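Structure data follow from input_18.cif (mmCIF, C-alpha atoms and all ligand atoms):
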data_data
loop_
_atom_site.label_atom_id
_atom_site.label_comp_id
_atom_site.auth_asym_id
_atom_site.auth_seq_id
_atom_site.Cartn_x
_atom_site.Cartn_y
_atom_site.Cartn_z
CA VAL R 1 0.00 0.00 0.00
CA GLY R 2 1.46 3.29 -1.21
CA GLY R 3 4.45 1.48 -2.61
CA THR R 4 6.86 2.73 -5.26
CA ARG R 5 5.01 4.17 -8.27
CA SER R 6 5.73 2.72 -11.68
CA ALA R 7 6.82 5.08 -14.46
CA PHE R 8 4.81 2.92 -16.86
CA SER R 9 1.35 3.47 -15.31
CA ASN R 10 -0.31 6.87 -15.11
CA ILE R 11 1.09 9.21 -12.48
CA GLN R 12 -1.60 11.68 -11.37
CA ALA R 13 -0.23 15.20 -11.63
CA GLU R 14 -1.92 16.18 -8.36
CA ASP R 15 0.12 13.45 -6.56
CA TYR R 16 3.25 15.56 -6.23
CA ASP R 17 5.51 15.40 -3.16
CA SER R 18 6.83 18.97 -3.35
CA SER R 19 6.35 21.99 -5.59
CA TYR R 20 7.13 25.59 -6.37
CA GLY R 21 3.95 27.42 -7.26
CA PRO R 22 2.37 30.06 -5.00
CA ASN R 23 -0.89 30.07 -6.96
CA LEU R 24 -0.87 26.45 -8.19
CA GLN R 25 -4.12 24.65 -7.40
CA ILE R 26 -5.57 21.14 -7.53
CA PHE R 27 -9.15 21.02 -8.78
CA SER R 28 -11.73 18.46 -9.83
CA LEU R 29 -12.40 17.59 -13.46
CA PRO R 30 -15.90 17.03 -14.89
CA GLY R 31 -15.02 13.56 -16.18
CA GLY R 32 -13.59 12.43 -12.83
CA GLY R 33 -10.32 12.87 -11.03
CA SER R 34 -8.34 16.07 -10.67
CA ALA R 35 -5.75 18.25 -12.36
CA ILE R 36 -3.16 20.83 -11.43
CA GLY R 37 -3.52 24.34 -12.83
CA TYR R 38 -3.17 28.04 -12.19
CA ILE R 39 0.38 27.44 -13.28
CA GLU R 40 2.84 30.16 -14.31
CA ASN R 41 6.31 30.31 -15.80
CA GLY R 42 8.87 28.80 -13.43
CA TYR R 43 6.43 26.68 -11.44
CA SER R 44 7.30 23.06 -10.82
CA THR R 45 6.01 19.87 -9.27
CA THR R 46 8.19 17.00 -8.01
CA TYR R 47 7.26 13.30 -7.92
CA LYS R 48 9.49 11.17 -5.71
CA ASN R 49 10.51 7.61 -6.26
CA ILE R 50 9.23 6.82 -9.74
CA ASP R 51 10.38 3.37 -10.90
CA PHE R 52 11.64 3.47 -14.49
CA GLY R 53 12.81 -0.14 -14.27
CA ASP R 54 15.35 -0.82 -17.01
CA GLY R 55 14.47 2.33 -18.93
CA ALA R 56 11.96 4.65 -20.53
CA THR R 57 12.53 6.96 -23.53
CA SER R 58 9.15 8.60 -23.97
CA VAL R 59 6.66 10.59 -21.91
CA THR R 60 2.98 11.31 -22.53
CA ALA R 61 1.00 13.92 -20.58
CA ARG R 62 -2.75 14.59 -20.57
CA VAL R 63 -2.97 18.36 -20.67
CA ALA R 64 -5.16 21.36 -21.48
CA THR R 65 -4.17 24.87 -22.53
CA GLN R 66 -5.16 27.78 -24.75
CA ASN R 67 -1.66 28.91 -25.80
CA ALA R 68 1.45 26.99 -26.77
CA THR R 69 3.76 26.19 -23.93
CA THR R 70 6.32 23.65 -22.76
CA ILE R 71 6.79 21.29 -19.87
CA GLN R 72 10.39 20.30 -19.03
CA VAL R 73 10.93 16.87 -17.53
CA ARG R 74 13.93 17.05 -15.20
CA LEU R 75 15.82 14.69 -12.89
CA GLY R 76 15.81 15.31 -9.17
CA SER R 77 15.23 19.06 -8.93
CA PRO R 78 13.89 21.95 -11.05
CA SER R 79 17.49 22.76 -12.02
CA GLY R 80 18.50 19.10 -12.52
CA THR R 81 19.29 17.28 -15.75
CA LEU R 82 16.83 18.04 -18.54
CA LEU R 83 15.46 14.68 -19.73
CA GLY R 84 13.17 16.11 -22.38
CA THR R 85 10.64 18.82 -23.20
CA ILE R 86 6.94 18.31 -23.92
CA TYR R 87 5.60 20.79 -26.45
CA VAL R 88 1.99 21.56 -25.61
CA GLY R 89 0.12 23.27 -28.37
CA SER R 90 -3.37 24.65 -27.72
CA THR R 91 -6.15 22.24 -26.91
CA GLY R 92 -8.62 25.06 -27.56
CA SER R 93 -9.72 25.33 -23.94
CA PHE R 94 -8.41 24.86 -20.40
CA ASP R 95 -11.19 22.29 -20.11
CA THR R 96 -10.28 20.19 -23.20
CA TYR R 97 -7.61 17.61 -22.37
CA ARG R 98 -5.47 15.87 -24.95
CA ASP R 99 -2.41 13.62 -24.83
CA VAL R 100 0.92 15.01 -26.00
CA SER R 101 4.20 13.10 -26.06
CA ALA R 102 7.93 13.70 -26.20
CA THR R 103 11.18 11.76 -26.27
CA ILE R 104 13.26 11.71 -23.11
CA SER R 105 16.79 10.59 -22.58
CA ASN R 106 16.85 7.01 -21.31
CA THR R 107 15.88 7.09 -17.66
CA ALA R 108 16.14 3.92 -15.51
CA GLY R 109 15.86 2.89 -11.88
CA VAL R 110 14.00 4.69 -9.17
CA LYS R 111 14.19 8.42 -9.76
CA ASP R 112 12.68 11.70 -8.55
CA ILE R 113 11.06 13.48 -11.49
CA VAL R 114 10.29 17.20 -11.80
CA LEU R 115 7.91 18.92 -14.21
CA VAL R 116 8.94 22.55 -14.84
CA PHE R 117 6.34 24.78 -16.45
CA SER R 118 6.96 27.64 -18.86
CA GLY R 119 3.39 28.99 -18.83
CA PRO R 120 -0.26 28.24 -18.14
CA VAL R 121 -1.29 24.59 -18.64
CA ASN R 122 -3.51 22.15 -16.77
CA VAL R 123 -2.13 18.65 -16.21
CA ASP R 124 -4.24 15.57 -15.38
CA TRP R 125 -1.59 12.81 -15.47
CA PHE R 126 1.60 11.74 -17.20
CA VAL R 127 3.20 8.37 -17.98
CA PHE R 128 6.36 6.95 -19.50
CA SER R 129 7.06 4.26 -22.07
CA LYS R 130 9.90 2.71 -24.09
CA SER R 131 9.69 4.12 -27.54
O1 LIG C 201 -10.39 29.67 -16.57
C1 LIG C 201 -9.79 28.61 -15.87
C2 LIG C 201 -8.30 28.62 -16.16
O2 LIG C 201 -7.70 29.82 -15.79
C3 LIG C 201 -6.34 29.94 -16.19
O3 LIG C 201 -5.77 31.19 -15.84
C4 LIG C 201 -6.32 32.30 -16.51
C5 LIG C 201 -7.32 32.98 -15.56
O4 LIG C 201 -8.53 32.26 -15.41
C6 LIG C 201 -7.64 34.38 -16.04
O5 LIG C 201 -8.50 35.01 -15.09
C7 LIG C 201 -6.32 35.13 -16.24
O6 LIG C 201 -6.57 36.43 -16.66
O7 LIG C 201 -5.54 34.46 -17.23
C8 LIG C 201 -5.11 33.20 -16.70
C9 LIG C 201 -3.99 32.57 -17.52
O8 LIG C 201 -4.56 32.09 -18.72
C10 LIG C 201 -5.51 28.90 -15.45
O9 LIG C 201 -4.15 28.88 -15.88
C11 LIG C 201 -6.12 27.54 -15.64
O10 LIG C 201 -5.45 26.64 -14.81
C12 LIG C 201 -7.62 27.50 -15.42
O11 LIG C 201 -8.09 26.27 -15.86
CA CA C 202 -5.22 13.65 -12.37
#
Using structure tokens, write down the structure that the file contains.
Amino acid sequence: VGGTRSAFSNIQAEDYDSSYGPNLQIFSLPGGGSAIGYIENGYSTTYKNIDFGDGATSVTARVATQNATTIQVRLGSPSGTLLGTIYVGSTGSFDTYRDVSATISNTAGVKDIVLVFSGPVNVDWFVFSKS
């Protein structure tokens, strides 16, 4: 119960262990579950102890936004190694969620992962895979 979280099953974005974001909020979604939002440039959320097993090279995030932005995936801290960058084009509405993917450098073992935001976006969940 509450064991190590797999990188290969959805990680809920609201399930962060630490963050920088004075106005960042968790809120309920109409279709069930929750998202993080009220995000601004330089905000971040950190997810401890994610088990990448013997490696992942892709990330997918379920996101909503009205203006193009990016989400950096970093190792350990907001200033740690940049694993990859998710390019989030508009989904037309902060309430319309779509899946966007990106390549990451091969990440293996149990790792702390940080999402670093460049601008407004709502995030439901994210997950990793081997390309
Ligand atoms: O409308 C919900 C949506 O708001 C987003 O922030 C808006 C904010 O509502 C608006 O009052 C302000 O002027 O602009 C910001 C930035 O676009 C927020 O980022 C979303 O999380 C939220 O879903
Ligand atoms: Ca969620």
Exercise. Return the single residue from R:22, R:92, R:3, R:42 that is closest to residue 66 in chain R, with distances computed using all atoms listed in the file.
Key: R:92
Practice problem: For CA of residue 15 in chain R and CA of residue 77 in chain R, quote the distance in Å rounded to one decimal. | Solution: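 Taking CA of residue 15 in chain R and CA of residue 77 in chain R, their separation equals 16.3 Å.
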Give one line per residue of chain R that approaches ligand LIG 201 (chain C) to at most 6 Å, naming the two atoms of the closest pair and their distance in Å to one decimal, counting all atoms listed in the file; sort by chain then ascending residue number and deliver it as a tab-separated table.
residue	atom	partner	partner_atom	distance
R:37	CA	C:LIG201	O10	3.6
R:38	CA	C:LIG201	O10	3.7
R:39	CA	C:LIG201	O9	5.4
R:94	CA	C:LIG201	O11	4.8
R:120	CA	C:LIG201	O9	4.5
R:121	CA	C:LIG201	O9	5.8
R:122	CA	C:LIG201	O10	5.3
Deliver the residues from the most recent selection as a file, using C-alpha atoms, as an mmCIF file, in the coordinates of the input.
data_model
loop_
_atom_site.group_PDB
_atom_site.id
_atom_site.type_symbol
_atom_site.label_atom_id
_atom_site.label_comp_id
_atom_site.auth_asym_id
_atom_site.auth_seq_id
_atom_site.Cartn_x
_atom_site.Cartn_y
_atom_site.Cartn_z
ATOM 1 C CA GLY R 37 -3.520 24.340 -12.830
ATOM 2 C CA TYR R 38 -3.170 28.040 -12.190
ATOM 3 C CA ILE R 39 0.380 27.440 -13.280
ATOM 4 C CA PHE R 94 -8.410 24.860 -20.400
ATOM 5 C CA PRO R 120 -0.260 28.240 -18.140
ATOM 6 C CA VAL R 121 -1.290 24.590 -18.640
ATOM 7 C CA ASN R 122 -3.510 22.150 -16.770
#
Practice problem: Find the residue from R:87, R:119, R:65, R:57 that sits nearest to residue 103 in chain R; use only C-alpha atoms when measuring. | Solution: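 Closest to residue 103 in chain R of all the choices is R:57.
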At a cut-off of 9 Å, can you tabulate as a tab-separated table every residue of chain R near ligand CA 202 (chain C) together with its closest atom pair and the distance in Å to one decimal, using only C-alpha atoms and all ligand atoms and ordering rows by chain then number?
residue	atom	partner	partner_atom	distance
R:10	CA	C:CA202	CA	8.8
R:11	CA	C:CA202	CA	7.7
R:12	CA	C:CA202	CA	4.2
R:13	CA	C:CA202	CA	5.3
R:14	CA	C:CA202	CA	5.8
R:15	CA	C:CA202	CA	7.9
R:26	CA	C:CA202	CA	8.9
R:28	CA	C:CA202	CA	8.5
R:29	CA	C:CA202	CA	8.3
R:32	CA	C:CA202	CA	8.5
R:33	CA	C:CA202	CA	5.3
R:34	CA	C:CA202	CA	4.3
R:35	CA	C:CA202	CA	4.6
R:36	CA	C:CA202	CA	7.5
R:62	CA	C:CA202	CA	8.6
R:123	CA	C:CA202	CA	7.0
R:124	CA	C:CA202	CA	3.7
R:125	CA	C:CA202	CA	4.8
R:126	CA	C:CA202	CA	8.6
Quiz item: Could you pull the residues within 7 Å of residue 130 in chain R, counting only C-alpha atoms, minus those fewer than 2 positions along the same chain, as a PyMOL selection string?
Solution: chain R and resi 55-58
Self-check item: Residue neighbourhood residue 41 in chain R, 12 Å, all atoms listed in the file, exclusion window fewer than 4 positions, as a list in words
Solution: residues 20, 21, 22, 23, 24, 37, 69, 70, 71, 72, 115, 116, 117, 118, 119, 120 and 121 of chain R
Quiz item: List as a VMD selection string: which residues have an atom within 8 Å of (7.7, 17.7, -10.9), counting only C-alpha atoms?
Solution: chain R and resid 16 18 to 19 44 to 47 73 to 74 77 to 78 113 to 116
Quiz item: Quick one: of R:101, R:67, R:60, R:106, who's nearest to residue 82 in chain R, counting only C-alpha atoms?
Solution: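 Nearest candidate to residue 82 in chain R out of R:101, R:67, R:60, R:106: R:106.
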Quiz item: What residues have an atom no more than 9 Å from (5.3, 1.9, -12.5) in the file's own frame, counting all atoms listed in the file, and can you write them as a ChimeraX atom specification?
Solution: /R:4-11,50-53,127-128
Can you tell me, as lines of an AutoDock Vina configuration file, the centre and edge lengths (Å, one decimal) of the axis-aligned box enclosing all of range 44-50 of chain R's listed atoms after padding each side by 5 Å?
center_x = 8.3
center_y = 14.9
center_z = -8.3
size_x = 14.5
size_y = 26.2
size_z = 15.1
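The two atoms in question, CA of residue 68 in chain R and CA of residue 31 in chain R, are spaced 23.7 Å apart.
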Quiz item: So how many Å separate CA of residue 99 in chain R and CA of residue 79 in chain R, to one decimal?
Solution: 25.4 Å
Quiz prompt | Given only C-alpha atoms as the counted atoms, nearest of R:54, R:131, R:108, R:25 to residue 40 in chain R | solution = R:25
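Nearest-residue note for residue 110 in chain R: choosing from R:88, R:2, R:48, R:81, the minimum distance belongs to R:48, counting all atoms listed in the file.
Minimum distance to residue 61 in chain R across R:97, R:49, R:111, R:80 (counting only C-alpha atoms) occurs at R:97.
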